[PDB]
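Below: one protein chain in two forms, given as structure tokens, structure 1 then structure 2.
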Structure 1
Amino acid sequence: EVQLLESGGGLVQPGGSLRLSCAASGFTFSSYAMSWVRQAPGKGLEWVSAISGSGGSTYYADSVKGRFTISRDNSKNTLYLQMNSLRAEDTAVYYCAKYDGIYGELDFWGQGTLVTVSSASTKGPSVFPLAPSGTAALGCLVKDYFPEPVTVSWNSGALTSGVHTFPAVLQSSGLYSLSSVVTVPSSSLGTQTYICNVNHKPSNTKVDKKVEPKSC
């Protein structure tokens, strides 16, 4: 199937540089023009740059001209974005996007890669139980981490029904925190084990937290 897999995003100092990659597959890469499109957290879509199928032609938004350089390697099936002199305003998820063969619209997008421009330090979360006391609620508090993102699953992905993993909020300390909760039958509390699987890849932090009613 048609696929665009971005990589290379992460935390970088303001004034620093970063190179994004996008691995294209399932189609003839050189046949199509390609694009980079960004989305700042909670904001709209902003077209960044486009490159012709051969690479002979390149275009940029005014906000990125002279700082960013789009390029491609048709033998490797790869699109690049070299980003220099980064600013806090360049913080965004960056999407690789394919143009239509003839018409010229963006008809396929990758999952995106997060770029965070900040002088703040990488820090792994601490994970605390939200212990339960028909239906009971329990959860995990994933506290004090930077940068985004964290992933949370329950019972290694076996439990998905009734799970709510909340958007992270930035605390005044400049660190993120989030909760993940699940509602379960109260009769399950004695028998069924509930473990939240937390992964903060940016800091190499993996935690499994078993959550049960607190003992008296």
Structure 2
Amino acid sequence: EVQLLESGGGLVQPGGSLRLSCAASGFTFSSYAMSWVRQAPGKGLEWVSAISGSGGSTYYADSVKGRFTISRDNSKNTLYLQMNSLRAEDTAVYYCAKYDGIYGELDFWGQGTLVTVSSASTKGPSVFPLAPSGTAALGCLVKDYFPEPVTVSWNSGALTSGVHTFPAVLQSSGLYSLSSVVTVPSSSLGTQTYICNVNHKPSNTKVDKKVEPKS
């Protein structure tokens, strides 16, 4: 099966540089033109750059010309995007994608890697309880972290039913915040233990927060 596996994304400084990689398998890589396409958070898809099969021809969007360089190493089955002079507006999920050799359209996309461009430092989240007071609701507020992402699980994965982990919001401070909630039998509140397991890998934060009724 055809696969395109992306890597090299993460948090970087304005004016800084970053290199993305796209590892191709399951087809003769050197026979096809390749592309990078970006999706800024919550917005549309924007084509970034393209390269011929041999690497002899390269193409760029106006918004990245002179700063980004597309390249490939056919002996490694790898496509590259060298992003120099980065700006906040370059913040996006970046996709590598293959061009159809016969018909010309993009026919296969990689899963994408998040690139965040900001002067702000990595920051682990504070995790606060959302205490419960038929059906009861409880959760965890995961506040003031940077960059994305975090993961949340309940009771080390044992509790999944009725769980809603919300998309993070970006606050004016420039830090993210999300809630994760679960609805449970209100009779279970006294006997059953509820713990939210929060991971923020960029800051190596691991927090297990027990959520209890407050009196």
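The term rigid core refers to the maximal set of C-alpha atoms that superpose within 1.5 Å between the two forms. All residue numbers here follow the sequence of structure 1, with the first residue given the number 1.
Asker: After fitting the rigid core, tell me which of 55, 41, 185, 26 has its Cα displaced by at least 2 Å between structure 1 and structure 2.
Answerer: One residue passes the 2 Å cut-off, namely 185.
Asker: Once the larger rigid part is superposed on C-alpha atoms, how many degrees is the smaller one rotated between structure 1 and structure 2?
Answerer: Expressed in whole degrees, the smaller part rotates by 16 degrees between structure 1 and structure 2.
Asker: Cα of residue 170: shift between structure 1 and structure 2 in Å, core-fitted?
Answerer: Core-aligned C-alpha shift comes out at 1.7 Å.
Asker: Give me the C-alpha shift of residue 147 between structure 1 and structure 2, core superposed, in Å.
Answerer: The shift comes out to 0.2 Å.
Asker: After aligning on the rigid core, report the distance the C-alpha of residue 209 travels between structure 1 and structure 2, in angstrom.
Answerer: Residue shift at the C-alpha: 5.1 Å.
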